[PDB]
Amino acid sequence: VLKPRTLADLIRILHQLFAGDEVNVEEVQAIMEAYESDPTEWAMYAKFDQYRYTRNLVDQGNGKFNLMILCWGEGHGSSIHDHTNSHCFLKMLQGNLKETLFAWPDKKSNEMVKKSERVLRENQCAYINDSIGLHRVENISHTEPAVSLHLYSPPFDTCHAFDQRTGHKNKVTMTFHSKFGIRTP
């Protein structure tokens, strides 16, 4: 194990890892889990919206990978989404989120099937791609917020939203609440 001493250290390590020819997603996840969340080191990216969660870009990663921080209010949650064939890592900096994994749709409209459902405790880091299925992440807490650290490689502006009742798609293009600590309306 290589234990990141700071958030900046974890970012320097990730840039090296994604510069190599082969990315080993087991080692990326392990090293992101290893960094012990320290709010003094990421508080500038923690910006909250009352109504939805916020996307706060941190590092665009030399075009090979994206690094974002998402901020979840009480009761805030994602839609059922895909990952446009890119790896995706999710690490908890503060709070908890419930990941509910869905299988893809059979062609005629019917309510999609929950494969699994788990809670992500603090400092835990998860991995997802379209090979494992589609998920939806929510902050279950009625009283506390959630802050998560996302890595997506390759970076993507596009993906698809899924109606749980039918399974039919609507594809979205994702906003950014902030970029590098600065509000972008």
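Sequential numbering from 1, following the sequence displayed.
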For this session: Taking the mean of the C-alpha B-factors per stretch from the entry, tell me the winner out of 92 to 100 and 105 to 113.
Result: 105 to 113
Problem set entry | Between 156 to 164 and 141 to 149 (mean CA B-factor, as deposited), the higher | 156 to 164
Exercise. Out of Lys64, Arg55, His135, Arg52, which residue has the highest Cα temperature factor in the PDB record?
Worked result: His135
For this session: Going by the CA temperature factor in the entry, name the top one among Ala19, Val172, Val25, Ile13.
Result: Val172
For this session: Could you tell me which third, lowest, middle or highest, the C-alpha B-factor of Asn123 occupies within its chain?
Result: middle
Problem set entry | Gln29, C-alpha B-factor rank within chain (lowest, middle or highest third) | middle
Exercise. According to the PDB entry, is the CA B factor of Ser131 in the bottom, middle or top third of its chain, that is, lowest, middle or highest?
Worked result: highest
